[PDB]
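Novice: Just passing along the structure, written as structure tokens.
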Amino acid sequence: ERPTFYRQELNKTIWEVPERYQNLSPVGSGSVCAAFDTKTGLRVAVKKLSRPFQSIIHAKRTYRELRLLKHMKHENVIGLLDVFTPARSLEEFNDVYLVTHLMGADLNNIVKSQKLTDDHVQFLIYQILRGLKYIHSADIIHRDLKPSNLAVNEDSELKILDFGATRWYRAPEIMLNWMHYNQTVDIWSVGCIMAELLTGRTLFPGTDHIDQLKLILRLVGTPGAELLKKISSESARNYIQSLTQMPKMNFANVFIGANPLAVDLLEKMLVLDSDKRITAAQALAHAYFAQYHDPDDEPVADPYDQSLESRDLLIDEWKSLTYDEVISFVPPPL
Ligand SMILES: Cc1ccc(-n2nc(C(C)(C)C)cc2NC(=O)Nc2nc(CCOCc3ccncc3)cs2)cc1
Ligand SMILES: CCCCCCCCO[C@@H]1O[C@H](CO)[C@@H](O)[C@H](O)[C@H]1O
């Protein structure tokens with residue numbers, strides 16, 4: 004019942020993998039190998055976790071990443087094809103390998119800093135939003151959505167993932196270290212991605228943190244009264260009160276020649292006040308996605324318990340809990 008493993012040697016480490024996985028070729032530092043899975047006939051990424059139980063911190067991340075990927079089962083969210091260890095018992099458990107689909111590209115490798123047709127933009131943003139609907143219904147905020155976190159195959163089929184400038188896609192409240200993120204920080208990132216796919220150009224290419232916030236304010240305006248009332252920081256309150264009011268720009272004069280439904284969607288994504296931004300569920304119902312939208316095929320997740328990973332446990336306890344997740348893993352049907 005236990006598969007037969009082979010001990011090869013890549014990127015200065017003894018990988019030990021099941022025989023089904025062949026032609027292991029390294030692709031970037036855990037360290038990840040590309041492989042061919044003879045059991046399914048798929049090209050796969052095998053990730054050897056790095057020093058998973060070296061420290062409490064490593065042990066927690068290992069367990070958090072494994073737990074969450076096991077939970078994630080949606081076409082537009084990365085998921086697990088397999089999880090394995092060479093260990094036969096908990097007492098020798100020291101390495102964790104994760105296996106997923108090999109996509110071949112991220113969104114930059116697809117975009118090449120070029121304009122996409124309006125139709126292609128629809129299909130790509132629809133899939134991001136559909137994947138965010140699922141994630142957000144699990145009560146998870148991504149927080150670092152950007153093109154390098156989006157895997158795309160040749161047919162432009164898209165998966166959201168998290169590899170663990185980047186700041187270009189970050190919501191203003193995150194740049195400013197507010198400590199109460201709503202899920203629409205991810206919608207902010209979607210809006211920045213969409214703009215750039217439509218225009219060929221980064222929407223906010225800040226040279227640095229302050230510049231990034233100057234660029235944002237230029238597009239969306241300085242905070243109104245309703246937003247200013249929501250600021251608890253006195254020093255933040257004061258500084259904003261001291262700014263020269265700037266009007267919000269008219270997006271049609273920024274996205275010249277785009278579909279006006281794309282323009283209208285961008286106006287609903289890139290609202291300074293995060294409470295006033297469109298949600299993922301809402302955005303999928305927007306007429307921009309009329310050709311792709313299907314209310315009966317836009318699934319939600321069972322809610323996910325994040326308190327399990329926020330515990331303060333001993334190394335051996337995280338390890339024994341990670342071991343259990345390895346053992347209970349059930350692959351998907353193919
Ligand atoms: C500590 C922690 C916990 C959770 C997460 N999250 N949260 C998320 C979502 C569920 C999106 C919120 C996803 C992840 N994690 C995640 O994506 N991990 C990855 N594993 C690989 C292995 C294969 O790489 C190459 C490859 C992949 C695909 N196509 C070609 C090449 C890639 S990305 C991150 C860190
Ligand atoms: C440069 C100053 C303007 C930036 C204002 C950020 C607007 C985000 O808006 C704010 O999102 C916060 C979540 O962190 C919530 O606490 C607030 O309810 C919401 O209004």
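Numbers 4 to 32, 36 to 170, 184 to 353, taken from PDB author numbering, label the letters of the sequence shown in order. Don't be surprised by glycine CBs; every beta carbon is placed ideally from N, CA and C.
Out of 193, 16, 127 and 54, which one is the CA nearest neighbour of residue 228?
Specialist: Here residue 228 refers to the residue found at position 209 of the sequence shown. With distances taken between Cα atoms, residue 228 lies closest to 193.
Novice: Go to residue 94, then tell me how far its alpha helix (DSSP H) extends in each direction, as first and last residue.
Specialist: One-based indexing of the sequence shown puts residue 94 at position 88. Segment: none, residue 94 is in no alpha helix (DSSP H) and carries neither H nor E.
Novice: Sort out for me which residues DSSP pairs residue 83 with in a bridge.
Specialist: To locate residue 83, count along the sequence shown from 1; it is residue 77. DSSP output for residue 83 lists 80 and 166 as bridge partner(s).
Novice: Please list the terminal residues of the continuous alpha helix (DSSP H) segment that includes residue 338.
Specialist: In the sequence shown, counting from the first residue as 1, residue 338 sits at position 319. Segment 334-346, the alpha helix (DSSP H) holding residue 338.
Novice: Could you please give the first and the last residue of the uninterrupted alpha helix (DSSP H) stretch that includes residue 210?
Specialist: To locate residue 210, count along the sequence shown from 1; it is residue 191. Residues 204-218.
Novice: Assign residue 115 to one of three DSSP states: helix, strand, or coil.
Specialist: Residue numbering aside, residue 115 sits at position 109 when the sequence shown is read from its first letter. Here residue 115 sits in helix by DSSP.
Novice: Spell out a yes or no on whether the segment 154-161 and the segment 326-340 are touching, meaning 3 or more CB-CB pairs, one atom from each, closer than 8 Å.
Specialist: In this structure the segment 154-161 does not lie against the segment 326-340, because fewer than three pairs of beta carbons, one per stretch, are closer than 8 Å.
Novice: Let me know the secondary structure DSSP gives residue 290 once reduced to three states.
Specialist: As a first step, residue 290 must be located in the sequence shown, where it is residue number 271. The answer is coil: DSSP assigns residue 290 none of H, G, I, E or B.
Novice: Could you pull the DSSP bridge partners for residue 43 from this structure?
Specialist: What you label residue 43 is simply residue 37 of the sequence shown in a count that begins at 1. Bridge partners of residue 43: 24 and 48.
Novice: Label residue 117 either buried or exposed according to how many other C-beta atoms from any shown protein chain fall within 10 Å of its C-beta, with 16 as the threshold for buried.
Specialist: Along the sequence shown, one-based indexing puts residue 117 at 111. By the neighbour-count rule (16 or more Cβ atoms within 10 Å), residue 117 is buried.
Novice: Give the DSSP bridge partners of residue 38, in chain order.
Specialist: Here residue 38 refers to the residue found at position 32 when the sequence shown is read from its first residue. Paired residue(s): 31 and 53.
Novice: At a cut-off of 7 Å, is residue 86 close to ligand 1 when judged by its beta-carbon and the heavy atoms of the ligand?
Specialist: Position 80 of the sequence shown, counted from the first residue, corresponds to residue 86. Incorrect: residue 86 has no Cβ contact closer than 7 Å to ligand 1.
Novice: By Cβ distance below 7 Å, which residues in the same chain neighbour residue 264 in space, the five residues on each side in sequence not counted?
Specialist: Within the sequence shown, numbered from 1, the residue matching residue 264 stands at position 245. Closer than 7 Å at the Cβ level, and outside the excluded window around residue 264, lie 241.
Novice: Less than 7 Å separating the Cβ of residue 78 from some heavy atom of ligand 1?
Specialist: Stepping through the sequence shown from its first residue, residue 78 is reached at position 72. Yes.
Novice: When DSSP labels each residue in this structure, what does residue 107 get in the three-state scheme?
Specialist: Within the sequence shown, residue 107 is the residue found at index 101, counting from 1. Note: residue 107 maps to strand in three-state DSSP.
Novice: Closest to residue 352 by CA distance: which of 13, 12 and 85 is it?
Specialist: Counted from its first residue, the sequence shown places residue 352 at position 333. Ranking the options by Cα distance to residue 352, first place goes to 85.
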